[PDB]
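Structure file entry_32.txt; described as compact mmCIF, C-alpha atoms and all ligand atoms.
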```
# COMPACT_ATOMS: atom_id res chain seq x y z
CA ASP X 34 0.00 0.00 0.00
CA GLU X 35 2.84 2.38 0.83
CA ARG X 36 5.04 0.18 -1.36
CA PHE X 37 2.42 0.42 -4.10
CA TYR X 38 2.42 4.22 -4.22
CA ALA X 39 6.18 4.72 -4.04
CA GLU X 40 7.04 2.01 -6.61
CA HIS X 41 4.09 2.11 -9.06
CA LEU X 42 1.25 4.62 -8.82
CA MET X 43 3.36 7.72 -8.02
CA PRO X 44 6.08 7.09 -10.67
CA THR X 45 3.33 6.48 -13.22
CA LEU X 46 1.51 9.77 -12.56
CA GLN X 47 4.84 11.59 -12.81
CA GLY X 48 5.57 9.83 -16.08
CA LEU X 49 2.20 10.88 -17.48
CA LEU X 50 1.82 14.46 -16.19
CA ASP X 51 3.56 17.80 -16.08
CA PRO X 52 4.25 18.62 -12.38
CA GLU X 53 1.82 21.57 -12.17
CA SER X 54 -0.93 19.46 -13.77
CA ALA X 55 -0.15 16.62 -11.33
CA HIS X 56 -0.28 19.15 -8.49
CA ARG X 57 -3.77 20.21 -9.59
CA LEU X 58 -4.99 16.62 -9.79
CA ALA X 59 -3.59 15.80 -6.35
CA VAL X 60 -5.56 18.72 -4.91
CA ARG X 61 -8.70 17.49 -6.68
CA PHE X 62 -8.28 13.90 -5.42
CA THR X 63 -7.65 15.14 -1.90
CA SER X 64 -10.63 17.51 -2.07
CA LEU X 65 -12.91 14.53 -2.88
CA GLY X 66 -11.41 12.24 -0.25
CA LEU X 67 -10.01 9.72 -2.75
CA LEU X 68 -7.20 8.68 -0.43
CA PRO X 69 -5.69 5.45 0.89
CA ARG X 70 -6.04 4.59 4.60
CA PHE X 73 -1.43 3.99 11.69
CA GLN X 74 -3.14 6.34 14.13
CA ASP X 75 -3.14 7.92 17.55
CA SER X 76 0.14 7.35 19.43
CA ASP X 77 0.23 9.32 22.69
CA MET X 78 4.00 9.79 22.35
CA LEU X 79 3.40 11.87 19.25
CA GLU X 80 1.13 14.43 20.94
CA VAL X 81 2.70 17.83 21.54
CA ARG X 82 1.30 21.03 23.09
CA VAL X 83 2.91 24.00 21.37
CA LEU X 84 2.28 27.18 23.38
CA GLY X 85 -0.86 25.53 24.85
CA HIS X 86 -2.62 24.52 21.62
CA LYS X 87 -2.45 20.73 21.40
CA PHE X 88 -1.32 18.90 18.25
CA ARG X 89 -2.28 15.26 17.78
CA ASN X 90 0.92 14.44 15.85
CA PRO X 91 3.71 16.85 14.87
CA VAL X 92 3.70 16.20 11.09
CA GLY X 93 1.95 18.89 9.03
CA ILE X 94 1.50 19.68 5.35
CA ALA X 95 3.64 22.69 4.42
CA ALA X 96 2.17 25.81 2.78
CA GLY X 97 2.11 25.80 -1.02
CA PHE X 98 0.35 22.47 -1.57
CA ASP X 99 -3.16 23.81 -0.80
CA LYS X 100 -2.67 27.44 -1.78
CA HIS X 101 -6.37 28.28 -1.81
CA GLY X 102 -7.87 26.17 0.97
CA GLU X 103 -9.60 23.63 -1.28
CA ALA X 104 -8.58 20.33 0.31
CA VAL X 105 -8.14 21.08 4.02
CA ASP X 106 -10.35 18.24 5.22
CA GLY X 107 -8.80 15.62 2.96
CA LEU X 108 -5.38 16.69 4.24
CA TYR X 109 -6.46 15.83 7.79
CA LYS X 110 -7.83 12.57 6.40
CA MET X 111 -4.31 11.82 5.12
CA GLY X 112 -3.04 11.74 8.71
CA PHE X 113 -1.47 15.19 9.09
CA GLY X 114 -1.50 16.65 12.59
CA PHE X 115 -2.04 20.17 11.30
CA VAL X 116 -2.73 21.83 7.98
CA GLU X 117 -1.32 25.10 6.67
CA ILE X 118 -2.85 26.76 3.64
CA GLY X 119 -1.51 29.57 1.50
CA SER X 120 0.15 31.62 0.46
CA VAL X 121 -2.84 33.92 0.06
CA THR X 122 -2.41 37.41 -1.41
CA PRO X 123 -5.05 40.12 -0.82
CA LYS X 124 -6.19 40.64 -4.41
CA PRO X 125 -6.24 37.67 -6.84
CA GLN X 126 -3.25 37.24 -9.13
CA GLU X 127 -2.33 34.69 -11.78
CA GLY X 128 1.36 34.17 -10.88
CA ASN X 129 4.16 33.45 -13.42
CA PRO X 130 3.82 31.92 -16.90
CA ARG X 131 3.98 28.11 -17.30
CA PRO X 132 5.93 25.87 -17.05
CA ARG X 133 6.80 27.14 -13.59
CA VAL X 134 7.25 23.85 -11.68
CA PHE X 135 10.13 21.52 -12.49
CA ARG X 136 10.97 17.96 -11.38
CA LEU X 137 14.52 17.01 -10.30
CA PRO X 138 14.05 13.26 -9.77
CA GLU X 139 17.75 12.37 -9.47
CA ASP X 140 17.91 14.75 -6.51
CA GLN X 141 14.48 13.94 -4.98
CA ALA X 142 13.86 17.67 -5.39
CA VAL X 143 11.59 20.26 -7.05
CA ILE X 144 12.19 23.80 -8.33
CA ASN X 145 9.17 26.09 -8.53
CA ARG X 146 8.46 29.69 -9.52
CA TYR X 147 4.66 29.82 -9.09
CA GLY X 148 4.94 33.50 -8.18
CA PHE X 149 2.14 33.61 -5.57
CA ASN X 150 -0.72 32.51 -7.78
CA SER X 151 -3.59 33.17 -5.45
CA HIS X 152 -7.36 33.05 -5.54
CA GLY X 153 -7.24 36.02 -3.16
CA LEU X 154 -8.42 36.77 0.36
CA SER X 155 -12.17 36.93 -0.40
CA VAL X 156 -12.43 33.51 -2.05
CA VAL X 157 -10.27 31.86 0.58
CA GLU X 158 -12.29 33.60 3.31
CA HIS X 159 -15.55 32.15 1.99
CA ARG X 160 -13.94 28.71 1.65
CA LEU X 161 -12.78 28.92 5.26
CA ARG X 162 -16.11 30.36 6.44
CA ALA X 163 -17.90 27.39 4.86
CA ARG X 164 -16.18 25.08 7.38
CA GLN X 165 -15.37 27.48 10.25
CA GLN X 166 -17.28 25.60 12.96
CA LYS X 167 -16.09 22.24 11.65
CA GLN X 168 -12.53 23.55 12.13
CA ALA X 169 -13.30 24.79 15.64
CA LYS X 170 -14.15 21.23 16.69
CA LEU X 171 -11.13 19.85 14.80
CA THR X 172 -8.75 22.25 16.53
CA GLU X 173 -10.26 21.28 19.89
CA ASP X 174 -9.48 17.61 19.17
CA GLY X 175 -5.84 18.30 18.25
CA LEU X 176 -5.97 19.26 14.51
CA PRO X 177 -5.21 23.01 14.18
CA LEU X 178 -5.14 25.06 10.98
CA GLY X 179 -2.61 27.66 9.85
CA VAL X 180 -2.92 30.33 7.16
CA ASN X 181 0.06 31.65 5.19
CA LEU X 182 -0.07 35.28 3.96
CA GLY X 183 1.66 36.89 0.99
CA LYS X 184 1.80 40.30 -0.64
CA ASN X 185 0.65 41.08 -4.18
CA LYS X 186 3.36 41.70 -6.75
CA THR X 187 2.12 45.11 -7.91
CA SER X 188 1.62 46.00 -4.26
CA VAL X 189 2.66 49.42 -2.95
CA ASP X 190 2.66 49.14 0.88
CA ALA X 191 3.84 45.60 1.63
CA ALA X 192 2.93 46.06 5.29
CA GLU X 193 -0.64 46.98 4.28
CA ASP X 194 -0.97 43.72 2.35
CA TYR X 195 -0.04 41.64 5.40
CA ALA X 196 -2.41 43.68 7.60
CA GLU X 197 -5.32 42.95 5.26
CA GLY X 198 -4.45 39.27 5.55
CA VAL X 199 -4.39 39.48 9.35
CA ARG X 200 -7.80 41.18 9.42
CA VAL X 201 -9.61 39.07 6.78
CA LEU X 202 -8.09 35.63 7.57
CA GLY X 203 -6.71 35.89 11.12
CA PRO X 204 -10.22 35.11 12.50
CA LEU X 205 -10.27 31.82 10.63
CA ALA X 206 -6.76 30.72 11.54
CA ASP X 207 -5.13 29.21 14.60
CA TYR X 208 -1.77 30.54 13.52
CA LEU X 209 -0.89 33.08 10.85
CA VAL X 210 2.37 33.08 8.89
CA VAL X 211 3.98 36.23 7.57
CA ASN X 212 5.83 34.84 4.55
CA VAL X 213 8.86 37.04 3.94
CA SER X 214 10.92 34.31 2.24
CA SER X 215 9.37 33.69 -1.17
CA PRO X 216 12.05 33.34 -3.89
CA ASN X 217 9.80 34.97 -6.50
CA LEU X 224 12.99 43.50 2.34
CA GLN X 225 15.78 45.93 3.32
CA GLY X 226 16.75 45.92 7.00
CA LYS X 227 16.09 45.12 10.65
CA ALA X 228 14.17 48.36 11.25
CA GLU X 229 11.99 47.60 8.22
CA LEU X 230 11.09 44.13 9.49
CA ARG X 231 10.38 45.64 12.93
CA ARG X 232 7.99 48.10 11.27
CA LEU X 233 6.21 45.33 9.36
CA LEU X 234 5.84 42.92 12.29
CA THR X 235 4.69 45.71 14.60
CA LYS X 236 1.83 46.54 12.22
CA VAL X 237 0.94 42.84 11.75
CA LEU X 238 0.99 42.22 15.53
CA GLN X 239 -1.14 45.31 16.16
CA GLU X 240 -3.85 44.18 13.74
CA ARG X 241 -3.74 40.72 15.29
CA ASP X 242 -4.25 42.07 18.81
CA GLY X 243 -7.38 43.94 17.59
CA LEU X 244 -9.23 40.72 16.80
CA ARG X 245 -11.61 39.25 19.37
CA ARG X 246 -10.12 36.74 21.81
CA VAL X 247 -11.52 33.54 20.30
CA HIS X 248 -10.46 34.81 16.85
CA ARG X 249 -6.90 35.84 17.81
CA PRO X 250 -4.29 33.59 16.14
CA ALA X 251 -0.64 33.06 16.86
CA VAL X 252 1.73 34.90 14.51
CA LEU X 253 4.79 33.20 13.07
CA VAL X 254 7.40 34.37 10.55
CA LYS X 255 8.62 32.06 7.79
CA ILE X 256 12.23 32.59 6.83
CA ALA X 257 14.56 31.61 4.02
CA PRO X 258 17.56 29.29 4.38
CA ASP X 259 19.62 31.81 2.38
CA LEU X 260 19.96 34.41 5.17
CA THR X 261 23.32 35.81 6.21
CA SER X 262 24.41 35.37 9.79
CA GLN X 263 23.52 39.00 10.44
CA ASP X 264 19.99 38.54 9.06
CA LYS X 265 19.37 35.56 11.36
CA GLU X 266 20.65 37.57 14.34
CA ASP X 267 18.36 40.47 13.38
CA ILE X 268 15.27 38.27 12.99
CA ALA X 269 16.06 36.68 16.35
CA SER X 270 16.38 40.11 17.95
CA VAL X 271 13.11 41.46 16.56
CA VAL X 272 11.28 38.21 17.25
CA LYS X 273 12.22 38.32 20.96
CA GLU X 274 11.70 42.09 21.20
CA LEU X 275 8.18 42.13 19.67
CA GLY X 276 7.05 38.82 21.17
CA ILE X 277 6.45 36.95 17.91
CA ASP X 278 4.85 33.58 18.59
CA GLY X 279 7.09 31.36 16.47
CA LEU X 280 9.23 30.62 13.43
CA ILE X 281 8.75 28.44 10.36
CA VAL X 282 12.24 27.40 9.24
CA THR X 283 12.74 27.29 6.23
CA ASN X 284 11.27 28.23 2.84
CA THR X 285 12.87 26.96 -0.39
CA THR X 286 16.42 27.95 -1.39
CA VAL X 287 17.62 30.05 -4.32
CA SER X 288 21.02 28.46 -3.79
CA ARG X 289 22.01 25.49 -5.97
CA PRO X 290 24.26 23.13 -3.94
CA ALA X 291 26.94 21.17 -5.76
CA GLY X 292 26.21 17.68 -6.99
CA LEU X 293 22.64 18.38 -8.04
CA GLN X 294 22.21 16.05 -10.98
CA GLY X 295 18.80 16.93 -12.46
CA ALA X 296 18.86 18.39 -15.95
CA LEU X 297 16.58 21.24 -14.82
CA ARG X 298 18.85 22.31 -11.92
CA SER X 299 19.51 25.78 -13.39
CA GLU X 300 15.87 26.93 -13.61
CA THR X 301 15.23 30.03 -11.54
CA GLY X 302 13.03 29.35 -8.56
CA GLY X 303 13.12 27.79 -5.12
CA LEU X 304 14.67 24.37 -4.62
CA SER X 305 12.82 22.04 -2.22
CA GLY X 306 13.32 18.44 -1.15
CA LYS X 307 16.38 16.46 -0.14
CA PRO X 308 19.06 19.03 -1.17
CA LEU X 309 17.42 21.45 1.29
CA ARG X 310 17.20 18.99 4.18
CA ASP X 311 20.37 19.61 6.12
CA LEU X 312 20.65 23.26 5.18
CA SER X 313 17.15 23.59 6.62
CA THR X 314 18.08 21.59 9.76
CA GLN X 315 21.09 23.79 10.42
CA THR X 316 18.99 26.96 10.23
CA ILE X 317 16.63 25.51 12.85
CA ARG X 318 19.62 24.73 15.07
CA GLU X 319 20.82 28.30 14.56
CA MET X 320 17.46 30.02 15.16
CA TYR X 321 16.82 27.91 18.25
CA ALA X 322 20.09 28.93 19.88
CA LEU X 323 19.61 32.62 19.04
CA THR X 324 16.17 32.59 20.75
CA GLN X 325 17.28 30.47 23.78
CA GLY X 326 14.79 27.69 23.03
CA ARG X 327 12.11 30.21 24.00
CA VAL X 328 10.37 30.44 20.60
CA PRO X 329 8.54 27.47 19.01
CA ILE X 330 9.86 26.44 15.60
CA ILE X 331 8.09 24.52 12.87
CA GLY X 332 10.88 22.82 10.93
CA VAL X 333 10.34 22.19 7.24
CA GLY X 334 12.71 21.19 4.45
CA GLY X 335 13.55 17.83 2.90
CA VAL X 336 11.72 15.71 5.47
CA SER X 337 10.67 12.25 4.28
CA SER X 338 11.39 9.84 7.14
CA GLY X 339 11.29 9.49 10.90
CA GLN X 340 15.00 10.27 11.09
CA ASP X 341 14.53 13.44 9.02
CA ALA X 342 11.82 14.54 11.43
CA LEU X 343 13.71 13.63 14.61
CA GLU X 344 16.87 15.44 13.48
CA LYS X 345 14.80 18.63 13.07
CA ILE X 346 13.04 18.07 16.42
CA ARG X 347 16.37 17.45 18.16
CA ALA X 348 17.63 20.58 16.42
CA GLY X 349 14.87 22.63 18.06
CA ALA X 350 11.73 22.23 16.00
CA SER X 351 8.55 21.50 17.93
CA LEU X 352 6.67 20.58 14.76
CA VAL X 353 7.69 19.56 11.26
CA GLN X 354 6.11 20.16 7.87
CA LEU X 355 6.75 18.37 4.60
CA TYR X 356 5.63 18.83 1.00
CA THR X 357 8.06 17.46 -1.63
CA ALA X 358 8.15 13.94 -0.16
CA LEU X 359 4.42 13.79 -0.87
CA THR X 360 5.06 14.27 -4.61
CA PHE X 361 7.34 11.18 -4.65
CA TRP X 362 5.86 8.83 -2.03
CA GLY X 363 2.21 9.84 -2.19
CA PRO X 364 -0.18 10.05 0.78
CA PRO X 365 1.35 6.92 2.41
CA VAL X 366 4.36 9.12 3.31
CA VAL X 367 2.48 10.65 6.27
CA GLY X 368 1.92 7.34 8.00
CA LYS X 369 5.50 6.32 7.23
CA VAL X 370 7.08 9.38 8.87
CA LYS X 371 4.82 9.06 11.92
CA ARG X 372 5.48 5.33 12.34
CA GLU X 373 9.24 5.79 12.08
CA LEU X 374 9.36 8.85 14.36
CA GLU X 375 7.61 6.90 17.12
CA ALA X 376 9.97 3.94 16.71
CA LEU X 377 13.11 6.08 16.96
CA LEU X 378 11.84 8.13 19.90
CA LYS X 379 11.45 4.85 21.81
CA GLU X 380 14.83 3.51 20.61
CA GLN X 381 16.56 6.69 21.77
CA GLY X 382 14.80 6.76 25.16
CA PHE X 383 12.49 9.74 24.75
CA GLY X 384 9.18 9.84 26.60
CA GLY X 385 7.57 11.68 23.72
CA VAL X 386 8.11 14.33 21.08
CA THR X 387 8.17 17.09 23.71
CA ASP X 388 11.07 15.37 25.49
CA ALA X 389 13.12 15.58 22.27
CA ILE X 390 12.65 19.24 21.24
CA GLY X 391 16.08 20.81 21.25
CA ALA X 392 17.62 17.65 22.76
CA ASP X 393 20.80 18.31 20.68
CA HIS X 394 21.64 21.46 22.63
CA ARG X 395 21.48 19.09 25.67
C1 LIG M 401 5.56 23.87 -5.49
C2 LIG M 401 5.80 24.56 -4.17
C3 LIG M 401 5.02 25.66 -3.81
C4 LIG M 401 5.24 26.30 -2.59
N1 LIG M 401 4.47 27.39 -2.22
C5 LIG M 401 4.69 28.01 -1.01
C6 LIG M 401 3.92 29.11 -0.60
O1 LIG M 401 3.02 29.56 -1.32
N2 LIG M 401 4.16 29.71 0.62
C7 LIG M 401 5.15 29.24 1.45
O2 LIG M 401 5.35 29.79 2.54
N3 LIG M 401 5.91 28.16 1.05
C8 LIG M 401 5.68 27.55 -0.16
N4 LIG M 401 6.44 26.46 -0.52
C9 LIG M 401 7.52 25.99 0.40
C10 LIG M 401 7.09 24.86 1.33
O3 LIG M 401 6.17 25.36 2.27
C11 LIG M 401 8.31 24.34 2.08
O4 LIG M 401 8.77 25.37 2.93
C12 LIG M 401 9.44 23.92 1.13
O5 LIG M 401 8.93 23.24 -0.02
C13 LIG M 401 10.44 23.03 1.86
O6 LIG M 401 9.73 21.87 2.23
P1 LIG M 401 9.88 20.44 1.47
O7 LIG M 401 11.31 20.17 1.04
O8 LIG M 401 9.46 19.40 2.49
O9 LIG M 401 8.96 20.44 0.26
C14 LIG M 401 6.23 25.84 -1.74
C15 LIG M 401 7.01 24.74 -2.10
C16 LIG M 401 6.80 24.10 -3.31
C17 LIG M 401 7.64 22.92 -3.67
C1 LIG M 402 3.17 13.83 -8.51
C2 LIG M 402 2.96 15.19 -7.83
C3 LIG M 402 2.03 15.42 -6.81
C4 LIG M 402 1.00 14.45 -6.26
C5 LIG M 402 0.26 13.63 -7.12
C6 LIG M 402 -0.71 12.78 -6.63
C7 LIG M 402 -0.99 12.78 -5.28
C8 LIG M 402 -2.10 11.88 -4.75
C9 LIG M 402 -3.04 12.46 -3.91
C10 LIG M 402 -4.09 11.71 -3.40
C11 LIG M 402 -4.21 10.37 -3.76
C12 LIG M 402 -3.28 9.80 -4.62
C13 LIG M 402 -2.23 10.55 -5.13
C14 LIG M 402 -0.31 13.62 -4.41
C15 LIG M 402 0.69 14.46 -4.90
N1 LIG M 402 1.91 16.64 -6.31
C16 LIG M 402 2.68 17.68 -6.68
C17 LIG M 402 2.51 18.95 -6.06
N2 LIG M 402 3.27 19.99 -6.41
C18 LIG M 402 4.20 19.86 -7.34
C19 LIG M 402 4.43 18.64 -7.99
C20 LIG M 402 3.63 17.52 -7.66
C21 LIG M 402 3.79 16.24 -8.26
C22 LIG M 402 4.84 15.95 -9.35
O1 LIG M 402 4.51 15.83 -10.57
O2 LIG M 402 6.05 15.81 -9.02
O1 LIG M 403 5.93 30.82 -6.02
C1 LIG M 403 5.37 30.59 -4.92
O2 LIG M 403 4.11 30.66 -4.80
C2 LIG M 403 6.26 30.21 -3.75
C3 LIG M 403 7.18 29.24 -3.94
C4 LIG M 403 7.99 28.89 -2.92
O3 LIG M 403 8.79 28.04 -3.10
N1 LIG M 403 7.88 29.48 -1.74
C5 LIG M 403 6.96 30.46 -1.55
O4 LIG M 403 6.86 31.00 -0.50
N2 LIG M 403 6.15 30.81 -2.58
```
Is it possible to give me this structure as structure tokens?
Ligand SMILES: Cc1cc2nc3c(=O)[nH]c(=O)nc-3n(C[C@H](O)[C@H](O)[C@H](O)COP(=O)(O)O)c2cc1C
Ligand SMILES: Cc1c(-c2ccc(-c3ccccc3)cc2)nc2cnccc2c1C(=O)O
Ligand SMILES: O=C(O)c1cc(=O)[nH]c(=O)[nH]1
Amino acid sequence: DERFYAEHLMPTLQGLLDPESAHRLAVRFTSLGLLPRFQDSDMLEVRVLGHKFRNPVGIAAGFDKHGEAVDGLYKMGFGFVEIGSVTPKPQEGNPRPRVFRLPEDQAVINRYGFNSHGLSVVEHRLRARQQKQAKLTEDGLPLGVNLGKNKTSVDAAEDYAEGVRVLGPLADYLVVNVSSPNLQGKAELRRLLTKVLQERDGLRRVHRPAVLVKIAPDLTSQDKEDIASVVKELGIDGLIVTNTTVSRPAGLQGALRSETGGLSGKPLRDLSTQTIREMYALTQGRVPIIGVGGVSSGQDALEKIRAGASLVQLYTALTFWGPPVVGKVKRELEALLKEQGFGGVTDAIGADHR
């Protein structure tokens, strides 16, 4: 069943379809609940900032950009779902092809360019299931919403504020995405996050989400220091670490390795894990981190948890392994936690800094 997807059904779909087309079909299948069938280990439960997560494996932003398949993503086994990026006004993104497969590297390059249905459409989609989500979140399945700016946009801070106001009420956490491959200084990021956090605080208590920043793996050491400073200063709720990389590590073998765009998957794994490690030390383990980048196995997840991530996201591994990947990562993560003498996931967060 997991062997069937990895060895036969998934390679066949890839052989028959352009990646963006296959992305669209995946979303359709998931939206209709056409999914295969592991559940409910108490070791895997984690309570980040008080909110409780049933397992720590979520679907990264970008797969369900417009909130069309949220329920089917929970049905796949994910412990939380993140949708987006959503831009305020609708925009078409970049011309096609804009998604490229690097199978020799177990990697993807994409330059979607924030194709977004827009805040209004996503709002209605989320409003159509708002009370369903309330009960889901209560039973350990929270929802996150990832916000972008429009490309023709004038005030970037205004775009993120609109997102906070329109979609903040529907979200358990919000993500200010400032790390798309397709900002000036520390004082500029302080001005943006201060506006975002102010709009957030103006929402009613039961509609007041956590606010996380999502950062690139391509930051200089000074950028990471600056983010860490502003994050602790302004009381940002967390970090998502990392987005895709505009770097092109050596030894990438795919023919399409020189396409412009963000590289995801295995070649990002350890670069992503080292940024977690770095951001966790700079914030004294005081800020929750969702680790994302190249994760496709228990060991990939545990390395990021030991590095300081309280939760992990994946995306690219789903395009190779199919929906069975979620069960696989969960099953392995529980086995290695035991093996290594951890009581649960919470016992392991940051365990590498002792
Ligand atoms: C095709 C594609 C589209 C993506 N779109 C977004 C996006 O809209 N917003 C965002 O914050 N990240 C986006 N991402 C990045 C993922 O959220 C994730 O950070 C990145 O792919 C690294 O994870 P992975 O190697 O497990 O896929 C996208 C990634 C891919 C591959
Ligand atoms: C194969 C695939 C998938 C994919 C295809 C099918 C399924 C699936 C979902 C539910 C049931 C059975 C299969 C999931 C993901 N997504 C993608 C998403 N974004 C970019 C690229 C891709 C690709 C790709 O061409 O590399
Ligand atoms: O083009 C996009 O929509 C996009 C791609 C990506 O890799 N990361 C991101 O934040 N946005």
Option closest in space to residue X:388, from X:271, X:81, X:169, X:336 [counting all atoms listed in the file]: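 Among the listed residues, X:81 lies closest to residue X:388.
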Ligand LIG 402 (chain M) neighbours within 9 Å using all atoms listed in the file, as a ChimeraX atom specification: /X:38,42-64,66-69,97-98,107,111,134-138,142-145,356-365
Two-atom distance - atom CA of residue X:170, atom CA of residue X:114 (Å):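 Those two atoms sit 14.1 Å apart.
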From X:253, X:331, X:366, X:154, residue lying nearest residue X:34 [only C-alpha atoms]: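 Closest candidate: X:366.
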Ligand LIG 401 (chain M) neighbours within 6 Å using all atoms listed in the file, as a list in words: residues 95, 96, 97, 119, 120, 143, 145, 149, 212, 283, 284, 285, 305, 306, 333, 334, 335, 336, 355, 356 and 357 of chain X
For residue X:129, the nearest of the candidates X:171, X:224, X:183, X:148, counting only C-alpha atoms: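 Smallest separation from residue X:129 among the options: X:148.
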Contacts of residue X:291 at 12 Å (all atoms listed in the file; same-chain gap of 5+ positions) as a VMD selection string: chain X and resid 140 298 to 299 308 to 309
For atom CA of residue X:237 and atom CA of residue X:196, the interatomic separation in Å (one decimal):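 The value is 5.4 Å.
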Coordinates-based distance that separates atom CA of residue X:255 from atom CA of residue X:281 (Å, one decimal): 4.4 Å
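Among the candidate residues X:130, X:279, X:382, X:250, the one lying nearest to ligand LIG 403 (chain M) is X:130, with distances computed using only C-alpha atoms and all ligand atoms.
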Spatial neighbours of residue X:192, max dist 9 Å, all atoms listed in the file, sep filter under 4 positions, as number ranges by chain: X: 184, 196-197, 232-234, 236-237
Residue list as a PyMOL selection string for point (19.1, 35.4, 14.7), cut-off 10 Å, only C-alpha atoms: chain X and resi 260-273+316+319-324
Counting only C-alpha atoms, the option among X:352, X:378, X:304, X:256 closest to residue X:116: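 Selected residue with least distance to residue X:116: X:352.
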Which residue of X:258, X:348, X:90, X:275 approaches residue X:230 most closely, using only C-alpha atoms: X:275
Test item: residues at most 10 Å from stretch 245-247 of chain X, all atoms listed in the file, excluding those fewer than 2 positions along its chain, as a PyMOL selection string: chain X and resi 204-205+207+241-243+249-250
Surrounding residues of residue X:201 excluding itself and chain neighbours under 4 positions, 12 Å, all atoms listed in the file, as a VMD selection string: chain X and resid 121 to 124 153 to 159 161 to 162 180 182 194 to 197 205 to 206 209 240 to 241 244 248 to 249
Counting all atoms listed in the file, which residues sit no farther than 9 Å from the position (24.1, 16.5, 14.6) in the file's frame? I'd like them as a compact mmCIF listing (two decimals) with C-alpha atoms, in the coordinates of the input.
```txt
# COMPACT_ATOMS: atom_id res chain seq x y z
CA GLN X 315 21.09 23.79 10.42
CA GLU X 344 16.87 15.44 13.48
CA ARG X 347 16.37 17.45 18.16
CA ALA X 348 17.63 20.58 16.42
CA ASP X 393 20.80 18.31 20.68
```
